[PDB]
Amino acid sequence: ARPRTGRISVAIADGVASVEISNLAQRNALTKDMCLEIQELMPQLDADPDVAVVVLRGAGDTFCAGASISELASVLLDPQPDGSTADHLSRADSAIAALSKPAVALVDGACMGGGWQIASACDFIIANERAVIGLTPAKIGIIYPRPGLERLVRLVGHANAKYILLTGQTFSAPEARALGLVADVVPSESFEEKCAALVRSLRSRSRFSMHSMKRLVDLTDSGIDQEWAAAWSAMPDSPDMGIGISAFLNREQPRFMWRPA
């Protein structure tokens, strides 16, 4: 019996695109094809006016075991006609990081190796208490790809990054949180309810605010002055500020209107 093929699927409802990493026979490991699919899918979701928020999640009760080891060179060192190589896992990471819309990773079960790199490409990660996280290049003889390694260092600092990468240890979700690898941890019995509420919240906020701030955060410590001037000047011209002020003063929830162009 041959395994069911690994794939990245998407389901869209109420402005939320649920992107699922589905390769359960390999604990949701990423194949080269899966990386290519993410790479193609993220710009389509960014252009789709029916999508306001992206949610990234593993099929079943596990997030992602990393690049598939049985095809590791094709994922990280894939030869190209011009004589370079391509790291498809990093290109997938970048496609997710370039989304202008909010993206959240919901991590349950195991998030291993390049799984964290994909998860961390989202804006932030919410983990189930029972999840485990390990970055294991050192268990395999490879190097964590540059964008992942730099992002780690910036999120958790130099010392924690070394603890994480040199030992390749597996951490519980509350440990991962203490280290800075994830933004929040939710008990298992309420994980589903809390993630659904979180998503509803992101669907209620001003999209002008979220788009602007996501972009301005991403530029911080990466010119940047021109982007700030443009966003600050767009702010009163967007309809969301007036709607937000007046909702607040009337003690009601705002019905925001700005949409990406």
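Each residue number is its position in the shown sequence, starting from 1.
Trainee: Mind pulling up the entry and telling me whether 188-196 or 49-57 has the higher mean Cα temperature factor?
Mentor: So the stretch with the higher mean C-alpha B-factor is 188-196.
Trainee: Mean C-alpha B factor from the entry: is it higher for 32-40 or for 224-232?
Mentor: Comparing 32-40 with 224-232, the higher average CA B-factor belongs to 224-232.
Trainee: Out of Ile21, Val10, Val16, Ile245, whose C-alpha atom has the biggest B factor in the entry?
Mentor: Highest C-alpha B-factor among the listed options: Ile245.
Trainee: Can you pull the Cα B-factors for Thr136, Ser172, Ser74, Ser120 from the entry and say which is highest?
Mentor: So the option with the highest C-alpha B-factor is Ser74.
Trainee: Can you work out whether the C-alpha temperature factor of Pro81 puts it in the lowest, middle or highest third of the chain?
Mentor: It falls in the top third of the chain.
Trainee: With respect to C-alpha B-factor, does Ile140 fall in the lowest, middle or highest third of the chain as deposited?
Mentor: CA B-factor rank for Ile140: middle third.
Trainee: Consider only the C-alpha atoms of the modelled residues in this chain, order them by B-factor as the entry records it, and name the third containing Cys111: lowest, middle or highest.
Mentor: According to the entry, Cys111 has a C-alpha B-factor in the chain's middle third.
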